[PDB]
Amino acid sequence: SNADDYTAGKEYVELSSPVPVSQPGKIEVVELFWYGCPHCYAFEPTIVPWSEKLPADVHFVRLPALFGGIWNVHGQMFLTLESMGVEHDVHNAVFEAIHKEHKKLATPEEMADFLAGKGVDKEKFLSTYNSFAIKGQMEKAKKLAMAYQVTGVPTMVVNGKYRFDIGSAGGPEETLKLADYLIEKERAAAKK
């Protein structure tokens, strides 16, 4: 796709105060999501393989949407699992537990007992979940979402500058095409 396909402010929004990227020198791509959001679950098998194919000049990051209440609890679980280094199938187990099994996963005790049956070490989970370090990460993730001015999920942000989502892009594949377009826009601008 190209500029002809989009209207700035519609399919994507440009931030007036670009947010510094996590990895200088690479084009950042962030997905913000909540485990409990049905469209986040539906988007997972679309965004994940795409992210695996990203080139060396792109740096892909995921953040929990810490939008309050159970979103924060689930987000803390996400940060915990990421820190532990789990494989992606564990994330699918969490999604499935919430969306298909209707499990609440509302406390670390419940999470650890559930995840223990999904190949996640309970003691490492509880230690990580309850760590001072994870509190720091949570505060940073809250501040980032505020800086990105995110209102919903799943949301994409390219290079700390352009925010878009599935609705704004017009569908799951459209979201990836828009991401590719904005990534290329940033890539080209840096080559001038």
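Numbers for residues come from their place in the sequence shown, where the first is 1.
Participant: Higher average CA B factor in the deposited record is what I'm after, so tell me if that's 68-76 or 115-123.
Facilitator: 115-123 has the higher mean C-alpha B-factor.
Participant: Please work out which of 183-191 and 2-10 has the higher mean CA B-factor as recorded in the PDB entry.
Facilitator: Higher mean C-alpha B-factor: 2-10.
Participant: Using the B-factors in the PDB entry, rank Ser168's C-alpha atom against the chain and give the third, lowest, middle or highest.
Facilitator: Lowest third, going by the recorded CA B-factors of the chain.
Participant: Taking the entry's C-alpha B-factors for this chain, is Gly152 in the lowest, middle or highest third?
Facilitator: Its C-alpha B-factor, which the entry lists for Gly152, ranks in the lowest third among residues of this chain.
Participant: If you rank every modelled residue in this chain by C-alpha B factor, which third holds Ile47: lowest, middle or highest?
Facilitator: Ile47: CA B-factor falls in the lowest third of its chain.
Participant: Among the modelled residues of this chain, does the Cα B factor of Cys37 put it in the lowest, middle or highest third?
Facilitator: Middle third of the chain for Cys37's C-alpha B-factor.
Participant: Should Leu176 be placed in the lowest, middle or highest third of its chain by the C-alpha B factor in the entry?
Facilitator: Middle third - that is where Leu176 ends up once the chain's C-alpha B-factors are sorted.
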